[PDB]
Amino acid sequence: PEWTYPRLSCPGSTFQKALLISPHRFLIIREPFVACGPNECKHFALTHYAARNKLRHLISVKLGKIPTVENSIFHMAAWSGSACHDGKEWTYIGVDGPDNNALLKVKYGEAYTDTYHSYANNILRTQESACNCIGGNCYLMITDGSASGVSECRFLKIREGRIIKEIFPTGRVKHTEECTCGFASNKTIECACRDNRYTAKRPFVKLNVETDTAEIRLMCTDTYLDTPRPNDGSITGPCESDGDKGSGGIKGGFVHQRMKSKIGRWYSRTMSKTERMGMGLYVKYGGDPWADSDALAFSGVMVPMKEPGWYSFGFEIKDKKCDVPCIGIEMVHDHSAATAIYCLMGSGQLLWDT
Amino acid sequence: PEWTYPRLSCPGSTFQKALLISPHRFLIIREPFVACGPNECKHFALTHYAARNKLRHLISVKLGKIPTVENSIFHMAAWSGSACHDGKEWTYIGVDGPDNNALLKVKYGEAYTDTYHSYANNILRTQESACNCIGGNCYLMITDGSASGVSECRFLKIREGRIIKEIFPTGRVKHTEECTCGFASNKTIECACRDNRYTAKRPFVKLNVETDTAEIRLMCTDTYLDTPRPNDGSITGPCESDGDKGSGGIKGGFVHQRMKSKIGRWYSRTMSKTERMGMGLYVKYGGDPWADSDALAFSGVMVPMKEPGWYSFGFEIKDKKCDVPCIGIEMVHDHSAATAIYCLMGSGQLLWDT
Amino acid sequence: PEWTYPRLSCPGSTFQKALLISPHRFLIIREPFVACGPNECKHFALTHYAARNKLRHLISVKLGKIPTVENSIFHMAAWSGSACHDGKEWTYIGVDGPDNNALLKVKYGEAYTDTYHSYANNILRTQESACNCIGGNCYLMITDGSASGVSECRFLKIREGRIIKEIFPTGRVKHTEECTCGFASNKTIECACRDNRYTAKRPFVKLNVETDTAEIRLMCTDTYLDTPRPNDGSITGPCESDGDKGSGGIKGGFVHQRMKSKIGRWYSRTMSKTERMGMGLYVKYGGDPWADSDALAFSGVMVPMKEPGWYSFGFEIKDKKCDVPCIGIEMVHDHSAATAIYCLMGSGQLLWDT
Amino acid sequence: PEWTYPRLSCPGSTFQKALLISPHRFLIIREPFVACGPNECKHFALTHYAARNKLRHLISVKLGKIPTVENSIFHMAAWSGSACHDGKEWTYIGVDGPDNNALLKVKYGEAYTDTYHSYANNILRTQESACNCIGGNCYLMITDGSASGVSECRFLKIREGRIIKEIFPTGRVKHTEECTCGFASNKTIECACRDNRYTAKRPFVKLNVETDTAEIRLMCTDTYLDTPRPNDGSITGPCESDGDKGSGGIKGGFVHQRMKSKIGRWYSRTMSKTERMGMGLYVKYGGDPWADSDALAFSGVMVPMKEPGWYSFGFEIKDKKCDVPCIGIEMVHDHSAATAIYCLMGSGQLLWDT
Amino acid sequence: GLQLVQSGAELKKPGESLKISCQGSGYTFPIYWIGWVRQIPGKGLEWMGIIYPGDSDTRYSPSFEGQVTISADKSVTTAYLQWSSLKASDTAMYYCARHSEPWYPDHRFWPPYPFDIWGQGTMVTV
Amino acid sequence: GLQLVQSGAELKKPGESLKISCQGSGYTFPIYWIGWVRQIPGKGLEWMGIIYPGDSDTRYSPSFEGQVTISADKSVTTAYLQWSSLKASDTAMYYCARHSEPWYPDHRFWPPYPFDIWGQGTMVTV
Amino acid sequence: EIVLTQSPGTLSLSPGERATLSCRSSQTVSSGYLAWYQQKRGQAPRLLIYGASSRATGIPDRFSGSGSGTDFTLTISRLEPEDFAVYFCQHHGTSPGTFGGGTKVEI
Amino acid sequence: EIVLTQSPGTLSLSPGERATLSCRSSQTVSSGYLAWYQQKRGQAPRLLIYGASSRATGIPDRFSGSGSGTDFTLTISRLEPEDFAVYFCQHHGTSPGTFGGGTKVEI
Ligand SMILES: *[C@@H]1O[C@H](CO)[C@@H](O[C@@H]2O[C@H](CO)[C@@H](O)[C@H](O)[C@H]2NC(C)=O)[C@H](O)[C@H]1NC(C)=O
Ligand SMILES: *[C@@H]1O[C@H](CO)[C@@H](O[C@@H]2O[C@H](CO)[C@@H](O)[C@H](O)[C@H]2NC(C)=O)[C@H](O)[C@H]1NC(C)=O
Ligand SMILES: *[C@@H]1O[C@H](CO)[C@@H](O[C@@H]2O[C@H](CO)[C@@H](O)[C@H](O)[C@H]2NC(C)=O)[C@H](O)[C@H]1NC(C)=O
Ligand SMILES: *[C@@H]1O[C@H](CO)[C@@H](O[C@@H]2O[C@H](CO)[C@@H](O)[C@H](O)[C@H]2NC(C)=O)[C@H](O)[C@H]1NC(C)=O
């Protein structure tokens with residue numbers, strides 16, 4: 001009925017465990033994410049196996065449902081993908097095809113609409129997190145390049161299933177992928193990205209949605225957010241300096257808390273500096289991620305060191321009048337995954353883990 | 001569309017077996033309850049195990065459905081909880097976290113909203129029965145304290161998922177928990193509570209919803225309603241006197257029958273004075289539970305002595321123009337539970353058990 | 001939104017197999033029936049066992065669904081029952097309780113409303129077929145008496161879940177049960193009933209819905225419609241004469257085809273005169289079942305002699321502008337049942353069986 | 001609410017794999033097809049066996065669902081069938097009964113309406129693909145005759161479940177069956193049919209929906225589209241000349257791409273000239289299939305030679321403002337089938353197979 | 001490498017049961033019909049019946065109906081001819097032969113096809 | 001307590017099959033690659049291949065492709081090197097070594113890592 | 001139901017002569033489905049002709065075999081030592097296949 | 001595809017002398033992924049250097065090893081009896097790991 005715009009966030013100062021979806025304790029999926037419309041949240045995932053291949057699909061269930069075969073809806077063939085709601089209808093994004101000649105497909109509602117072709121003739125990938133719609137214009141991060149080497153990203157502006165504009169970010173673009181994006185304000189989409197080869201510092205994208213321009217710089221903060229990591233504050237040189245332990249990586253969580261006079265930036269990180277174990281929640285209020293070296297504050301442990309952390313993502317729940325920022329965690333077990341959701345709610349400290 | 005207010009009850013003088021949900025005779029749940037909106041009843045329960053832990057969840061199905069994994073919706077992590085409908089949207093309440101630092105979470109519709117922190121640094125608990133909404137203001141009983149020792153309760157006034165007021169009852173408040181609450185009238189919510197340490201007489205709470213005040217006194221009646229019990233009329237002294245067999249307890253049923261000139265109070269009790277076996281239905285019309293020693297009339301047997309009784313709860317079904325008071329029974333089998341529903345309907349005697 | 005009234009039937013002269021629901025070839029149910037609202041048909045059945053007892057329930061699924069546990073909705077405890085739609089909401093009827101002190105329960109929408117008590121202190125039974133609503137007034141046949149001996153029936157006029165009038169039929173009422181009822185016209189409900197002790201001729205009830213009166217006489221036709229049967233035209237004497245082979249019986253199908261200048265009466269019968277095997281469809285146009293000895297025309301075989309016939313029922317599908325009379329058959333297999341539906345459609349001969 | 005009319009197709013020049021439904025890798029069905037209404041696509045199939053017989057049924061699930069027993073809806077008994085949506089309600093078509101006295105049944109919404117009797121007293125068959133509605137008038141191809149010998153087809157004009165007109169095509173009508181039909185324009189329905197005895201060239205039907213007339217001629221193109229085939233361009237003589245390898249056959253895909261100044265005709269074919277292996281997509285823009293010998297352009301491989309091809313079908317998805325032509329493939333595995341969907345989307349080449 | 005390979009030879013006593021077989025290779029076995037043909041050495045060929053491995057759909061010459069059993073097992077790509085009461089007179093050469101074209105159940109016709117490939121024949125004495 | 005423990009020694013005849021193994025301890029075995037390195041006593045080290053216990057993803061030096069089999073079983077925290085036709089010339093010391101950093105499938109690159117921990121080596125004669 | 005009476009039953013033609021073999025069907029052979037096979041001594045028969053006159057793959061141009069209705073022939077344009085064999089006709093239509101007695105071609 | 005030719009192959013330096021060991025790659029070593037290992041007689045080798053010049057944990061400051069492109073060295077700032085071993089260079093980039101022949105350091 002109406003287009004969605006980002007709204008100010010619901011009051012609160014901390015996160016608490018909200019919900020755990022753990023289908024194996026009673027369909028094998030990976031890289032889950034959550035996307036929400038005005039009155040509906042969906043839990044999306046890619047199938048990994050049956051209850052990069054020709055059989056992987058983008059599937060979903062209502063958030064709160066266990067993602068069984070009977071409950072799941074198969075939206076499209078996809079070894080990589082994302083989804084979002086523009087206030088009127090669901091947009092589903094997926095990538096399929098050959099590693100060196102992959103293609104993006106866009107589905108709107110029930111129909112297939114536009115496609116996008118690989119540009120670096122390497123595995124085309126999308127953000128594996130939900131896409132961001134403002135006024136009907138959905139901004140999707142895509143990337144195409146080497147797993148190890150250069151992989152420049154670009155953004156697609158998608159309107160009613162069609163790709164209307166290609167946005168080519170400037171700045172430090174040598175390797176950007178698996179971006180967790182959200183609105184900082186009505187004018188800006190910010191993303192905390194993976195760098196799978198050069199550094200443990202996440203590229204931080206600032207996309208201007210009034211001008212359709214973007215610039216990427218590494219986060220300057222001493223607390224490094226990727227999985228392989230130097231031991232906090234150990235990377236020397238200016239903010240843009242690449243550090244050690246840059247080979248490999250993980251998609252992290254990232255949400256914004258939009259307050260009338262402030263932007264809170266909530267980030268997630270693993271507990272281990274080398275292995276994908278545990279998850280913690282970190283926060284910084286205000287500042288500029290591209291210049292501010294200040295360590296992120298530690299809010300608390302979301303997943304203990306003894307449990308798998310793996311991928312995380314940001315999403316927001318539409319609470320009638322305000323938005324609720326949430327960070328989800330993909331707990332991979334043996335390789336299906338459980339999804340743990342932590343949401344901003346109330347005040348005080350994060351009190352318990354998953 | 002419109003806020004719910006309590007209405008006069010549907011005519012009838014007795015209860016009859018309505019429905020039995022027994023999933024094991026064809027997901028392991030405990031402490032079921034039913035809550036109803038204008039045109040929908042939901043059967044809520046906490047998961048006990050998979051088909052106080054970090055995995056327990058508040059789940060629900062449409063009343064009449066068998067609570068299978070595929071059918072159930074997981075609303076939130078919760079080892080204790082309740083739910084209600086305010087006439088516009090569902091409110092779900094759950095408690096999770098550490099035994100000595102538990103937290104209440106409130107979900108409204110699809111979003112997580114307010115939280116409440118433990119106040120006695122002991123297990124925070126909610127009524128395990130449905131919450132009561134009048135004009136959008138939902139009144140939830142919570143308690144925090146020792147299983148054996150003092151555990152004072154308080155009420156939370158929740159509006160559109162937010163906690164707006166904390167109500168601190170006066171009177172005899174040394175140990176109150178697991179309150180089955182409902183509207184006696186548009187001005188009052190009355191609750192038949194558990195006392196797990198001091199007495200077999202239930203605390204009876206009278207909450208004034210125009211003034212947001214409450215007072216708790218023990219029911220004065222000779223028929224004692226908790227599970228461990230003295231043998232009816234055996235507790236000497238004034239109405240407030242604590243009796244023997246006060247260690248341990250059970251959540252009982254309690255509904256009101258609202259008539260133009262009268263309030264009927266329907267209560268449930270086990271058949272055994274020591275073990276949680278059987279269930280019977282008792283009634284008193286008019287009077288004052290805090291002062292009236294008169295034994296409750298015995299309506300009939302809901303569950304025979306040979307079958308498990310365990311927890312019971314009150315709820316009301318919205319019958320277009322009037323409300324139907326119902327008492328449900330948790331029949332624990334070996335520890336999943338079946339839910340037996342008995343509803344006011346017709347006249348004559350209760351004719352058969354479950 | 002609007003009350004349902006019977007409409008003229010959809011054109012056609014014969015029946016054809018429409019649909020077979022056979023859950024065991026891929027929940028154990030008996031005595032299925034179908035009832036339809038303005039845009040929805042439901043397949044109702046009583047549970048017989050799990051996938052007259054305290055566990056039997058009235059359940060339903062959308063017609064076309066396989067009645068699995070996950071798909072089924074449990075409406076109420078019931079060892080006997082019926083259901084219908086009044087144009088605004090579903091009415092569900094069921095009987096539960098002791099054999100000599102049974103009680104009828106009425107559910108409207110989600111709520112339990114009125115009850116009815118046994119009157120002959122013997123097993124209270126309802127028609128096991130769908131009930132008939134005109135202008136919001138639903139007419140339900142109930143009976144109470146011996147399986148072998150006298151069992152007089154009465155009709156209940158149910159409005160919005162309440163029993164407003166008790167209708168006491170005159171005529172030949174010594175044993176009437178399991179009536180398949182439908183509208184002959186806007187003024188009359190006619191029923192083809194079972195007589196489980198005195199005769200193989202079905203009692204035929206003519207209920208006047210403008211005056212709320214009824215009279216019962218045996219069908220005069222030479223083709224006898226119950227299961228144990230004399231060999232067609234062999235019962236001597238006047239129309240009311242009881243014949244041989246009257247011990248035992250079956251609920252048969254019966255629908256009306258309402259045409260501007262005519263009433264067609266479609267009946268179903270088993271192929272065997274002693275065993276519940278096969279089913280055939282018979283028809284008579286016009287006349288008076290209480291006086292007209294003329295044999296019913298044979299339309300065709302619905303179920304071959306080699307397959308179980310058991311109970312059948314009439315129902316009507318609401319085809320936008322006209323009604324479609326249908327006869328369903330309960331095929332009991334070894335004791336769950338499959339439901340075969342035959343509907344009026346087209347012209348020519350019934351071409352194949354189930 | 002409004003009647004459906006064909007619309008211009010959504011822009012794009014090629015097809016890409018959209019979705020694969022493969023239920024056996026985690027109900028045994030054959031001859032799937034997809035039909036779409038304004039906001040809903042359904043995946044229809046005939047049951048072949050349980051999870052030409054008396055048990056085969058026309059069933060469906062929402063496209064994207066796995067066609068399990070619990071998810072499927074059984075619409076009618078049918079060993080042959082089709083379905084379509086007229087913009088207001090679903091029409092379901094099925095054929096059942098004896099091989100030499102079969103009958104077509106039409107269901108509209110929830111009700112059974114008209115039937116059609118066999119005319120050549122041989123197996124009556126319908127197109128196994130979706131039917132085509134314009135302005136409420138649904139055009140269904142039916143055929144009745146020998147599997148080997150003459151089998152003339154006719155079209156039925158169905159309106160709100162009733163058969164209003166019988167259309168008798170002229171031209172070359174000796175054997176026509178299993179027609180994949182769609183709108184070329186608002187005035188014409190064109191169909192690419194099977195010829196199971198005389199030739200490897202598909203009969204191509206041109207049905208005028210303003211005049212309700214039809215003419216059938218063989219496609220003149222050098223690329224033969226049936227399964228047993230001469231080796232492309234090898235059939236000598238005029239366009240109407242029958243060739244070799246005409247015994248046997250397959251239902252192929254066929255969709256139209258409707259552009260303001262052009263009609264694209266997309267066809268599917270197996271990779272093997274004798275066995276039902278692989279599938280490819282071929283296209284011709286403009287021209288006249290009845291006269292134009294020009295080989296169809298090869299777009300790409302949809303199913304590799306190593307995987308089963310079997311039946312294919314055309315359908316269109318209603319993308320809000322335009323239609324998306326899609327071709328589905330029935331991949332029979334050992335005999336249940338998976339359904340592969342390829343849709344027009346984007347430009348460039350078809351990049352990968354299923 | 002397209003072939004039907006038959007067992008060599010058998011010699012039986014009257015009443016002694018018998019099973020002989022053909023193994024197919026080089027073709028999609030489950031979609032072609034395989035027939036059995038009998039040849040008494042001084043006589044012509046006599047079509048005994050056909051089978052469609054793939055659903056084991058069979059057709060018998062009326063003269064062999066109830067005399068022999070034709071069966072197949074697609075699992076090992078083979079076809080079989082069986083006797084329950086081998087009499088005498090079964091002193092014939094028995095051949096398998098495969099039809100020139102594939103067939104699928106939905107073709108709904110009796111394969112009007114010649115035999116394109118033949119096995120070498122199995123000689124059975126008695 | 002981080003270590004790779006290898007079997008002691010083996011002596012075989014030409015053609016006699018052979019399996020040797022390494023057991024890991026002190027680390028999350030299923031996420032690190034384990035390589036085999038051959039050393040003929042008078043020669044330098046020769047990388048034979050790597051395995052990723054966890055999904056048993058392997059890579060072989062082209063010169064050892066089809067010569068040896070590398071396998072692992074995360075159940076018992078072990079890695080294996082197998083021969084089917086032990087010839088002679090396999091008279092070498094065989095070592096396991098674990099890569100310095102963990103790897104996960106989604107990294108999508110070939111582990112560019114050195115070997116941080118080595119077992120003591122298994123001596124195999126012939 | 002269909003009986004094929006292949007005749008004369010013996011030919012005694014020299015190499016270089018044209019051989020005509022006949023197959024008379026007791027009833028019309030629908031669609032012309034009459035096949036011909038060549039059986040050399042000691043071996044399974046080879047398919048020569050299918051349909052009324054289509055030549056099987058691998059068969060030389062020497063074999064034609066036009067025919068229709070009930071009256072069909074096999075014509076060997078010129079005999080060669082290679083083609084002295086017993087020939088058989090077969091009904092291969094949509095009914096139980098049935099062969100004729102066979103015609104022996106001698107020098 | 002990548003061949004490492006480590007040289008001179010033998011050093012004959014006394015303790016206290018600086019030892020330079022070279023490793024020439026036949027093609028450019030992408031990203032500088034050339035590791036060095038120390039093999040003492042009778043035992044499995046120890047990792048000294050990873051990346052072109054990063055020092056492995058537990059390795060003394062005596063070992064540096066700067067290098068790039070195709071030309072890399074290992075430098076032992078001062079030899080001690082402890083460090084007389086055969087040293088090996090290894091390509092450890094995103095391709096099949098491959099070692100050099102090895103250089104023996106003698107007194
Ligand atoms: C982003 O801009 C939209 C307007 O385009 C803001 O939404 C409006 O908020 C006011 C209340 O402050 C409502 O009365 C309007 O009806 C809303 N309009 C729409 C289109 O939703 C939104 O709050 C702004 N968000 C942020 C983060 O500043
Ligand atoms: C509680 O108060 C509400 C009003 O606030 C009563 O509901 C009204 O009942 C009259 C009929 O008597 C209706 O015409 C109104 O439309 C109703 N209003 C609303 C808001 O529902 C309700 O009956 C009272 N309940 C009790 C137990 O006294
Ligand atoms: C029974 O009576 C109702 C009226 O009470 C008839 O329904 C009407 O039919 C006319 C067309 O003839 C429509 O225009 C009206 O809108 C209908 N009214 C309602 C309330 O539905 C109905 O057709 C009669 N049925 C029979 C069997 O005679
Ligand atoms: C077929 O005809 C219909 C009209 O009968 C065309 O649909 C209209 O399209 C215009 C835009 O061009 C809209 O404004 C109208 O509201 C549409 N009317 C209806 C009833 O849908 C349709 O586009 C034509 N299709 C083709 C292939 O030419």
# chains A, B, ... in the order shown; residues from 1 in each chain; ligands from 1
call {"tool": "residues_near_ligand", "arguments": {"ligand": "ligand 4", "cutoff": "6 Å", "atoms": "only C-alpha atoms and all ligand atoms", "output": "JSON, numbers by chain"}}
result
{"D": [5, 6, 7, 8, 185, 186]}
call {"tool": "residues_near_ligand", "arguments": {"ligand": "ligand 3", "cutoff": "10 Å", "atoms": "only C-alpha atoms and all ligand atoms", "output": "VMD selection string"}}
result
chain C and resid 2 to 9 134 to 135 183 to 188 257 to 260 263 321 to 323
call {"tool": "interface_residues", "arguments": {"of": "chain A", "to": "chain F", "cutoff": "9 Å", "atoms": "only C-alpha atoms", "output": "MDAnalysis selection string"}}
result
chainID A and resid 146:148 196 228 247:250 274:276
call {"tool": "residues_around", "arguments": {"residues": "residue 91 (chain E)", "least_positions_apart": "2", "cutoff": "6 Å", "atoms": "only C-alpha atoms", "output": "PyMOL selection string"}}
result
chain E and resi 89+124-126
call {"tool": "interface_residues", "arguments": {"of": "chain D", "to": "chain C", "cutoff": "8 Å", "atoms": "only C-alpha atoms", "output": "number ranges by chain"}}
result
D: 27, 50-51, 54-55, 57, 69-70, 72-77, 97-98, 101-103, 105, 108-116
call {"tool": "residues_around", "arguments": {"residues": "residue 315 (chain D)", "least_positions_apart": "2", "cutoff": "9 Å", "atoms": "only C-alpha atoms", "output": "number ranges by chain"}}
result
D: 33-36, 129-130, 180-182, 253-255, 313, 317, 324-328
call {"tool": "write_last_selection", "arguments": {"atoms": "C-alpha atoms", "output": "tab-separated table (two decimals), in the first residue's frame"}}
result
chain	number	residue	atom	x	y	z
D	33	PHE	CA	2.09	-27.83	-15.34
D	34	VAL	CA	1.91	-24.36	-13.98
D	35	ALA	CA	-0.95	-21.96	-14.24
D	36	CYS	CA	-0.99	-18.41	-12.75
D	129	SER	CA	-0.81	-27.70	-19.96
D	130	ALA	CA	-2.64	-24.73	-18.50
D	180	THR	CA	0.67	-26.20	-25.38
D	181	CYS	CA	-1.42	-23.05	-25.98
D	182	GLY	CA	-1.05	-19.35	-25.32
D	253	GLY	CA	7.07	-26.14	-24.36
D	254	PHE	CA	5.71	-23.12	-26.08
D	255	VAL	CA	5.30	-19.55	-24.99
D	313	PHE	CA	4.98	-26.66	-20.92
D	317	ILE	CA	3.60	-15.20	-14.62
D	324	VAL	CA	6.55	-13.15	-18.00
D	325	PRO	CA	6.64	-16.12	-20.40
D	326	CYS	CA	8.10	-19.28	-18.76
D	327	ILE	CA	8.78	-22.84	-19.90
D	328	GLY	CA	8.69	-25.67	-17.44
call {"tool": "atom_distance", "arguments": {"atom1": "CA of residue 121 (chain F)", "atom2": "CA of residue 6 (chain H)"}}
result
23.4 Å
call {"tool": "atom_distance", "arguments": {"atom1": "CA of residue 84 (chain G)", "atom2": "CA of residue 41 (chain E)"}}
result
17.7 Å
call {"tool": "select_by_dssp", "arguments": {"residues": "region 47-177 of chain C", "states": "strand (DSSP E)", "output": "VMD selection string"}}
result
chain C and resid 47 to 49 57 to 62 73 to 77 80 to 85 90 to 96 103 to 108 111 to 117 124 to 126 132 to 134 137 to 144 153 to 159 162 to 167 170 to 171 177
